[PDB]
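Here is start-v5.csv, consisting of CSV, N, CA and C atoms:
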```csv
chain,number,residue,atom,x,y,z
S,22,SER,N,9.6,25.0,46.0
S,22,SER,CA,10.5,24.9,47.1
S,22,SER,C,10.4,23.5,47.7
S,23,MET,N,11.4,23.1,48.4
S,23,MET,CA,11.4,22.0,49.2
S,23,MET,C,10.4,22.2,50.4
S,24,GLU,N,10.3,23.4,51.0
S,24,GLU,CA,9.4,23.6,52.1
S,24,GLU,C,7.9,23.4,51.6
S,25,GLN,N,7.6,23.8,50.4
S,25,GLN,CA,6.2,23.7,49.9
S,25,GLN,C,5.8,22.3,49.7
S,26,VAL,N,6.8,21.5,49.2
S,26,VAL,CA,6.6,20.0,49.2
S,26,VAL,C,6.3,19.4,50.5
S,27,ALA,N,7.1,19.8,51.5
S,27,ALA,CA,7.0,19.2,52.9
S,27,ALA,C,5.7,19.5,53.5
S,28,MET,N,5.2,20.8,53.3
S,28,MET,CA,3.9,21.3,53.7
S,28,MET,C,2.8,20.4,53.0
S,29,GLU,N,3.0,20.2,51.7
S,29,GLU,CA,2.1,19.4,50.9
S,29,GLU,C,2.0,18.0,51.3
S,30,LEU,N,3.1,17.4,51.8
S,30,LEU,CA,3.1,16.0,52.3
S,30,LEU,C,2.4,15.9,53.7
S,31,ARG,N,2.6,16.9,54.5
S,31,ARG,CA,1.8,17.1,55.8
S,31,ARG,C,0.3,17.1,55.5
S,32,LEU,N,-0.1,18.0,54.5
S,32,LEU,CA,-1.5,18.1,54.1
S,32,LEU,C,-2.1,16.7,53.6
S,33,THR,N,-1.3,16.0,52.9
S,33,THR,CA,-1.6,14.7,52.4
S,33,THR,C,-1.8,13.7,53.4
S,34,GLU,N,-0.9,13.8,54.4
S,34,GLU,CA,-1.1,12.9,55.5
S,34,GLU,C,-2.3,13.2,56.4
S,35,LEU,N,-2.6,14.5,56.6
S,35,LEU,CA,-3.8,15.0,57.4
S,35,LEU,C,-5.0,14.4,56.6
S,36,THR,N,-5.0,14.5,55.3
S,36,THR,CA,-6.1,14.0,54.5
S,36,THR,C,-6.3,12.6,54.7
S,37,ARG,N,-5.2,11.8,54.7
S,37,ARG,CA,-5.2,10.4,55.0
S,37,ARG,C,-5.9,10.1,56.4
S,38,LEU,N,-5.5,10.8,57.4
S,38,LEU,CA,-6.1,10.6,58.7
S,38,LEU,C,-7.6,11.0,58.7
S,39,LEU,N,-7.9,12.2,58.2
S,39,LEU,CA,-9.3,12.7,58.1
S,39,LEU,C,-10.2,11.7,57.3
S,40,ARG,N,-9.6,11.1,56.2
S,40,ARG,CA,-10.4,10.1,55.5
S,40,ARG,C,-10.8,8.9,56.4
S,41,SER,N,-9.8,8.4,57.2
S,41,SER,CA,-10.2,7.4,58.2
S,41,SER,C,-11.2,7.9,59.2
S,42,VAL,N,-11.0,9.1,59.8
S,42,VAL,CA,-12.0,9.7,60.7
S,42,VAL,C,-13.4,9.7,60.0
S,43,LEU,N,-13.4,10.2,58.8
S,43,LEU,CA,-14.7,10.3,58.1
S,43,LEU,C,-15.4,9.0,58.0
S,44,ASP,N,-14.6,7.9,57.7
S,44,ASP,CA,-15.2,6.6,57.6
S,44,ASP,C,-15.8,6.1,58.8
S,45,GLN,N,-15.0,6.4,59.9
S,45,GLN,CA,-15.5,5.9,61.2
S,45,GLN,C,-16.7,6.7,61.7
S,46,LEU,N,-16.8,8.0,61.4
S,46,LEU,CA,-18.0,8.8,61.7
S,46,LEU,C,-19.2,8.3,60.9
S,47,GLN,N,-19.0,8.1,59.6
S,47,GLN,CA,-20.1,7.7,58.8
S,47,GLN,C,-20.6,6.3,59.1
S,48,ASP,N,-19.8,5.4,59.7
S,48,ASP,CA,-20.3,4.2,60.2
S,48,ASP,C,-21.3,4.3,61.3
S,49,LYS,N,-21.2,5.4,62.1
S,49,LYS,CA,-22.1,5.7,63.1
S,49,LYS,C,-23.5,6.2,62.6
S,50,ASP,N,-23.7,6.2,61.3
S,50,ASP,CA,-24.9,6.6,60.6
S,50,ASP,C,-25.4,5.5,59.8
S,51,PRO,N,-25.8,4.4,60.4
S,51,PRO,CA,-26.0,3.2,59.5
S,51,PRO,C,-27.3,3.4,58.7
S,52,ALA,N,-28.2,4.2,59.1
S,52,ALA,CA,-29.4,4.5,58.4
S,52,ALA,C,-29.1,5.4,57.1
S,53,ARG,N,-27.9,5.9,57.0
S,53,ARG,CA,-27.6,6.9,55.9
S,53,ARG,C,-28.4,8.1,55.8
S,54,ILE,N,-28.9,8.6,57.0
S,54,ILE,CA,-29.6,9.8,57.1
S,54,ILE,C,-28.8,11.0,56.7
S,55,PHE,N,-27.5,10.9,56.9
S,55,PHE,CA,-26.6,12.1,56.7
S,55,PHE,C,-25.7,12.0,55.5
S,56,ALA,N,-25.9,10.9,54.7
S,56,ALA,CA,-25.1,10.6,53.6
S,56,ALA,C,-25.0,11.6,52.4
S,57,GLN,N,-26.2,12.2,52.2
S,57,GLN,CA,-26.3,13.1,51.0
S,57,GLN,C,-26.9,14.4,51.4
S,58,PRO,N,-26.8,15.5,50.6
S,58,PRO,CA,-27.5,16.7,50.9
S,58,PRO,C,-29.0,16.6,51.0
S,59,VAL,N,-29.6,17.3,51.9
S,59,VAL,CA,-31.1,17.4,51.9
S,59,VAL,C,-31.5,17.9,50.5
S,60,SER,N,-32.4,17.1,49.9
S,60,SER,CA,-32.9,17.4,48.6
S,60,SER,C,-33.8,18.7,48.5
S,61,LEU,N,-33.5,19.7,47.7
S,61,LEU,CA,-34.2,20.9,47.7
S,61,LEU,C,-35.4,20.7,46.8
S,62,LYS,N,-35.4,19.6,46.0
S,62,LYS,CA,-36.7,19.2,45.3
S,62,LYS,C,-37.7,18.7,46.3
S,63,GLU,N,-37.3,17.9,47.2
S,63,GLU,CA,-38.2,17.3,48.3
S,63,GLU,C,-38.4,18.1,49.5
S,64,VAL,N,-37.5,19.1,49.8
S,64,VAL,CA,-37.7,20.0,50.9
S,64,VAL,C,-37.4,21.4,50.4
S,65,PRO,N,-38.4,22.0,49.6
S,65,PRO,CA,-38.1,23.2,48.9
S,65,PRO,C,-37.8,24.4,49.8
S,66,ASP,N,-38.3,24.5,51.0
S,66,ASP,CA,-38.1,25.6,51.9
S,66,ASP,C,-36.7,25.4,52.7
S,67,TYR,N,-35.9,24.4,52.4
S,67,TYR,CA,-34.9,24.1,53.4
S,67,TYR,C,-33.9,25.3,53.7
S,68,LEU,N,-33.6,26.0,52.7
S,68,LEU,CA,-32.6,27.0,52.8
S,68,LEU,C,-33.2,28.2,53.5
S,69,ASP,N,-34.5,28.3,53.6
S,69,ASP,CA,-35.1,29.3,54.5
S,69,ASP,C,-34.8,29.0,56.0
S,70,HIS,N,-34.5,27.8,56.3
S,70,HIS,CA,-34.3,27.3,57.7
S,70,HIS,C,-32.8,27.2,58.0
S,71,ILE,N,-32.1,26.6,57.1
S,71,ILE,CA,-30.7,26.2,57.3
S,71,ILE,C,-29.8,26.9,56.2
S,72,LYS,N,-29.0,27.8,56.8
S,72,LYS,CA,-28.2,28.6,55.9
S,72,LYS,C,-26.9,28.0,55.4
S,73,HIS,N,-26.3,27.0,56.1
S,73,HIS,CA,-25.1,26.3,55.7
S,73,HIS,C,-25.4,24.7,55.7
S,74,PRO,N,-26.1,24.2,54.7
S,74,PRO,CA,-26.3,22.8,54.7
S,74,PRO,C,-25.0,22.0,54.6
S,75,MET,N,-25.0,20.7,55.2
S,75,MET,CA,-23.8,19.9,55.1
S,75,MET,C,-24.3,18.5,55.1
S,76,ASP,N,-23.4,17.6,54.7
S,76,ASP,CA,-23.7,16.2,54.6
S,76,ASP,C,-22.3,15.4,54.4
S,77,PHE,N,-22.3,14.1,54.5
S,77,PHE,CA,-21.1,13.4,54.4
S,77,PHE,C,-20.6,13.4,52.9
S,78,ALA,N,-21.4,13.4,51.9
S,78,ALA,CA,-20.9,13.4,50.6
S,78,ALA,C,-20.2,14.7,50.2
S,79,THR,N,-20.7,15.8,50.7
S,79,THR,CA,-20.2,17.1,50.5
S,79,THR,C,-18.8,17.2,51.2
S,80,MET,N,-18.7,16.6,52.5
S,80,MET,CA,-17.4,16.6,53.2
S,80,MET,C,-16.4,15.8,52.5
S,81,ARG,N,-16.8,14.7,51.9
S,81,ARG,CA,-15.9,13.8,51.2
S,81,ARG,C,-15.3,14.5,49.9
S,82,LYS,N,-16.2,15.3,49.2
S,82,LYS,CA,-15.7,16.1,48.1
S,82,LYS,C,-14.6,17.1,48.5
S,83,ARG,N,-14.9,17.8,49.6
S,83,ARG,CA,-13.9,18.7,50.1
S,83,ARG,C,-12.6,18.0,50.6
S,84,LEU,N,-12.8,16.9,51.3
S,84,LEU,CA,-11.6,16.2,51.7
S,84,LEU,C,-10.7,15.7,50.6
S,85,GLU,N,-11.3,15.2,49.5
S,85,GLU,CA,-10.5,14.6,48.4
S,85,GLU,C,-9.8,15.7,47.6
S,86,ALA,N,-10.3,16.9,47.6
S,86,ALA,CA,-9.6,18.0,47.1
S,86,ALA,C,-8.6,18.6,48.1
S,87,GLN,N,-8.3,17.9,49.1
S,87,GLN,CA,-7.4,18.4,50.3
S,87,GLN,C,-7.9,19.8,50.8
S,88,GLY,N,-9.2,20.0,50.9
S,88,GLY,CA,-9.7,21.2,51.3
S,88,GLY,C,-9.9,21.4,52.8
S,89,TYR,N,-9.5,20.5,53.6
S,89,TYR,CA,-9.4,20.7,55.1
S,89,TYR,C,-8.0,21.0,55.5
S,90,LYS,N,-7.7,22.2,55.9
S,90,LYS,CA,-6.3,22.6,56.4
S,90,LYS,C,-5.9,22.0,57.8
S,91,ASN,N,-6.9,21.8,58.6
S,91,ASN,CA,-6.7,21.3,60.0
S,91,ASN,C,-7.9,20.6,60.4
S,92,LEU,N,-7.8,19.8,61.5
S,92,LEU,CA,-9.0,19.1,62.1
S,92,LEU,C,-10.1,20.0,62.5
S,93,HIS,N,-9.9,21.2,63.0
S,93,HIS,CA,-10.9,22.2,63.4
S,93,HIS,C,-11.9,22.5,62.2
S,94,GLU,N,-11.4,22.7,61.0
S,94,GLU,CA,-12.2,22.9,59.8
S,94,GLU,C,-13.1,21.7,59.5
S,95,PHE,N,-12.6,20.5,59.7
S,95,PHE,CA,-13.3,19.2,59.5
S,95,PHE,C,-14.4,19.1,60.5
S,96,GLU,N,-14.0,19.3,61.8
S,96,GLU,CA,-15.0,19.2,62.8
S,96,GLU,C,-16.1,20.3,62.7
S,97,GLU,N,-15.8,21.4,62.1
S,97,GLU,CA,-16.9,22.4,61.9
S,97,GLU,C,-18.0,21.9,61.0
S,98,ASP,N,-17.5,21.2,59.9
S,98,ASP,CA,-18.5,20.6,58.9
S,98,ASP,C,-19.2,19.5,59.6
S,99,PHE,N,-18.6,18.7,60.4
S,99,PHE,CA,-19.3,17.6,61.0
S,99,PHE,C,-20.4,18.1,62.0
S,100,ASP,N,-20.0,19.1,62.7
S,100,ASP,CA,-21.0,19.8,63.7
S,100,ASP,C,-22.2,20.4,62.9
S,101,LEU,N,-21.9,20.9,61.7
S,101,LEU,CA,-23.0,21.4,60.9
S,101,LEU,C,-24.1,20.4,60.5
S,102,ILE,N,-23.5,19.2,60.2
S,102,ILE,CA,-24.5,18.1,59.9
S,102,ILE,C,-25.4,17.8,61.1
S,103,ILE,N,-24.9,17.7,62.3
S,103,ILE,CA,-25.6,17.4,63.5
S,103,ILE,C,-26.6,18.6,63.8
S,104,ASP,N,-25.9,19.8,63.9
S,104,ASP,CA,-26.7,21.0,64.4
S,104,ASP,C,-27.8,21.4,63.4
S,105,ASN,N,-27.6,21.3,62.1
S,105,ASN,CA,-28.6,21.6,61.1
S,105,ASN,C,-29.9,20.7,61.4
S,106,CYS,N,-29.6,19.4,61.5
S,106,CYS,CA,-30.6,18.4,61.8
S,106,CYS,C,-31.4,18.6,63.0
S,107,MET,N,-30.7,18.9,64.1
S,107,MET,CA,-31.4,19.1,65.4
S,107,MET,C,-32.2,20.4,65.4
S,108,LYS,N,-32.0,21.3,64.5
S,108,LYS,CA,-32.8,22.5,64.4
S,108,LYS,C,-34.0,22.3,63.4
S,109,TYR,N,-33.8,21.7,62.3
S,109,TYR,CA,-34.9,21.5,61.3
S,109,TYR,C,-35.9,20.5,61.7
S,110,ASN,N,-35.4,19.4,62.5
S,110,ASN,CA,-36.3,18.3,62.9
S,110,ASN,C,-36.6,18.4,64.3
S,111,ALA,N,-37.8,18.1,64.7
S,111,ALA,CA,-38.2,18.1,66.1
S,111,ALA,C,-37.6,16.9,66.9
S,112,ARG,N,-37.5,17.1,68.2
S,112,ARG,CA,-37.0,16.1,69.1
S,112,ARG,C,-37.6,14.7,68.9
S,113,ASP,N,-38.8,14.5,68.6
S,113,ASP,CA,-39.5,13.2,68.5
S,113,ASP,C,-39.3,12.5,67.2
S,114,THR,N,-38.3,12.9,66.4
S,114,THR,CA,-38.2,12.4,65.0
S,114,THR,C,-37.0,11.5,65.0
S,115,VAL,N,-37.1,10.5,64.0
S,115,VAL,CA,-36.0,9.6,63.7
S,115,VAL,C,-34.7,10.4,63.3
S,116,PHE,N,-35.0,11.5,62.6
S,116,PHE,CA,-33.9,12.4,62.1
S,116,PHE,C,-33.1,13.0,63.3
S,117,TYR,N,-33.9,13.7,64.2
S,117,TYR,CA,-33.2,14.3,65.4
S,117,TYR,C,-32.4,13.2,66.2
S,118,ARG,N,-33.1,12.1,66.4
S,118,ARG,CA,-32.6,11.1,67.3
S,118,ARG,C,-31.3,10.5,66.6
S,119,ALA,N,-31.3,10.4,65.3
S,119,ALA,CA,-30.1,9.9,64.6
S,119,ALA,C,-28.9,10.9,64.8
S,120,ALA,N,-29.2,12.2,64.7
S,120,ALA,CA,-28.2,13.2,64.9
S,120,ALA,C,-27.6,13.1,66.3
S,121,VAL,N,-28.5,12.9,67.4
S,121,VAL,CA,-27.9,12.8,68.7
S,121,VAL,C,-27.0,11.6,68.9
S,122,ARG,N,-27.4,10.5,68.3
S,122,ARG,CA,-26.6,9.3,68.4
S,122,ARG,C,-25.3,9.4,67.6
S,123,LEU,N,-25.3,10.1,66.5
S,123,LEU,CA,-24.1,10.4,65.7
S,123,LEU,C,-23.1,11.3,66.5
S,124,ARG,N,-23.7,12.4,67.1
S,124,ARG,CA,-22.9,13.2,67.9
S,124,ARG,C,-22.2,12.5,69.1
S,125,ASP,N,-23.0,11.6,69.8
S,125,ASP,CA,-22.5,11.0,71.0
S,125,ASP,C,-21.4,10.0,70.6
S,126,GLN,N,-21.7,9.2,69.6
S,126,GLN,CA,-20.7,8.1,69.1
S,126,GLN,C,-19.5,8.7,68.4
S,127,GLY,N,-19.7,9.9,67.8
S,127,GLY,CA,-18.6,10.5,67.0
S,127,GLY,C,-17.6,11.2,67.9
S,128,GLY,N,-18.1,11.6,69.1
S,128,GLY,CA,-17.2,12.3,70.1
S,128,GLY,C,-16.0,11.5,70.5
S,129,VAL,N,-16.1,10.2,70.6
S,129,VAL,CA,-15.1,9.3,71.0
S,129,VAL,C,-14.0,9.2,69.9
S,130,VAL,N,-14.4,9.2,68.6
S,130,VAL,CA,-13.6,9.1,67.4
S,130,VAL,C,-12.8,10.4,67.3
S,131,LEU,N,-13.5,11.5,67.5
S,131,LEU,CA,-12.9,12.9,67.4
S,131,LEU,C,-11.9,13.2,68.5
S,132,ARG,N,-12.2,12.7,69.7
S,132,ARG,CA,-11.3,12.8,70.8
S,132,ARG,C,-9.9,12.3,70.5
S,133,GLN,N,-9.9,11.1,69.9
S,133,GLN,CA,-8.6,10.4,69.6
S,133,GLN,C,-7.9,11.0,68.4
S,134,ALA,N,-8.7,11.4,67.4
S,134,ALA,CA,-8.2,12.1,66.3
S,134,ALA,C,-7.4,13.4,66.6
S,135,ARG,N,-8.0,14.1,67.6
S,135,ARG,CA,-7.3,15.3,68.0
S,135,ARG,C,-5.9,15.0,68.7
S,136,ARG,N,-5.9,14.0,69.5
S,136,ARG,CA,-4.6,13.5,70.1
S,136,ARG,C,-3.6,13.1,68.9
S,137,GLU,N,-4.1,12.4,67.9
S,137,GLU,CA,-3.2,11.9,66.8
S,137,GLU,C,-2.7,13.1,65.9
S,138,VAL,N,-3.6,14.0,65.7
S,138,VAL,CA,-3.2,15.2,64.9
S,138,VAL,C,-2.1,16.0,65.6
S,139,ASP,N,-2.3,16.3,66.9
S,139,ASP,CA,-1.2,16.9,67.8
S,139,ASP,C,0.0,16.0,67.9
S,140,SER,N,-0.2,14.8,68.3
S,140,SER,CA,0.9,13.8,68.4
S,140,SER,C,1.8,13.7,67.2
S,141,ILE,N,1.3,13.3,66.0
S,141,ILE,CA,2.1,13.2,64.8
S,141,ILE,C,2.4,14.6,64.2
S,142,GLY,N,1.8,15.7,64.7
S,142,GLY,CA,2.0,17.1,64.3
S,142,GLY,C,1.2,17.4,63.0
```

Could I get this file's structure written as structure tokens?
Amino acid sequence: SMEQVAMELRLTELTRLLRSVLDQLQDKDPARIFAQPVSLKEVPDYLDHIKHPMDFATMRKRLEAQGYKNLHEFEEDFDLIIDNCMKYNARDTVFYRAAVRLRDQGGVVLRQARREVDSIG
């Protein structure tokens, strides 16, 4: 149908916008602490601690498959990155501190993304 096409164009444009959001968020992680999944070879107990692991490479795979239907779903995954880290790592660690700075810097980006998503529809 023509409606299915129109819906698919909307999704494609959301994906375009979320790709730019993702790039902007990942720049706030210059140490690349959150770039890849926590290695289960190197942290064999991880899944005992963290039930839903997340990282920027995993988000990028979902994004490019157009797997985010709305900004809420994308933000859920970003919040998992931060929140998983802040639980697994102690306050005095470079990992925890990286997550706090990512959260704080990312908020600004996500605030305007939400306006753009609502604005453009």

Return the single residue from S:107, S:79, S:35, S:71 that is closest to residue 92 (chain S), with distances computed using only N, CA and C atoms.
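Once distances to residue 92 (chain S) are computed over only N, CA and C atoms, the minimum belongs to S:35.
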
Residues within 6.5 Å of residue 58 (chain S), only N, CA and C atoms, excluding chain neighbours under 4 positions, as a CSV table (one decimal) with N, CA and C atoms, in the frame of the given file:
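This went into out-v1.csv:
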```
chain,number,residue,atom,x,y,z
S,75,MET,N,-25.0,20.7,55.2
S,75,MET,CA,-23.8,19.9,55.1
S,75,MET,C,-24.3,18.5,55.1
S,76,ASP,N,-23.4,17.6,54.7
S,76,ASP,CA,-23.7,16.2,54.6
S,76,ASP,C,-22.3,15.4,54.4
S,77,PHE,N,-22.3,14.1,54.5
S,77,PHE,CA,-21.1,13.4,54.4
S,77,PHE,C,-20.6,13.4,52.9
S,78,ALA,N,-21.4,13.4,51.9
S,78,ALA,CA,-20.9,13.4,50.6
S,78,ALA,C,-20.2,14.7,50.2
S,79,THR,N,-20.7,15.8,50.7
S,79,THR,CA,-20.2,17.1,50.5
S,79,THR,C,-18.8,17.2,51.2
```

Proximity to residue 134 (chain S) - best of S:42, S:106, S:55, S:81, all atoms listed in the file:
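Among the listed residues, the smallest separation from residue 134 (chain S) belongs to S:42.
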
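Separating CA of residue 120 (chain S) from CA of residue 37 (chain S) is a distance of 25.2 Å.
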
From the list S:61, S:80, S:101, S:129, which residue is nearest residue 45 (chain S) when using only C-alpha atoms?
S:129

Closest to residue 43 (chain S) among S:131, S:66, S:114, S:109, using only C-alpha atoms?
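Counting only C-alpha atoms, the residue closest to residue 43 (chain S) is S:131.
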
Expressed in Å, the length from atom C of residue 48 (chain S) to atom C of residue 132 (chain S) is 16.7 Å

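Residues of protein, DNA and RNA with at least one atom no farther than 12 Å from (-4.3, 23.5, 54.5) are, using only C-alpha atoms, residues 25, 28, 29, 30, 31, 32, 33, 34, 35, 36, 83, 84, 86, 87, 88, 89, 90, 91, 92, 93, 94 and 95 of chain S.
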
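For the pair atom N of residue 54 (chain S) and atom C of residue 119 (chain S), the interatomic distance is 8.1 Å.
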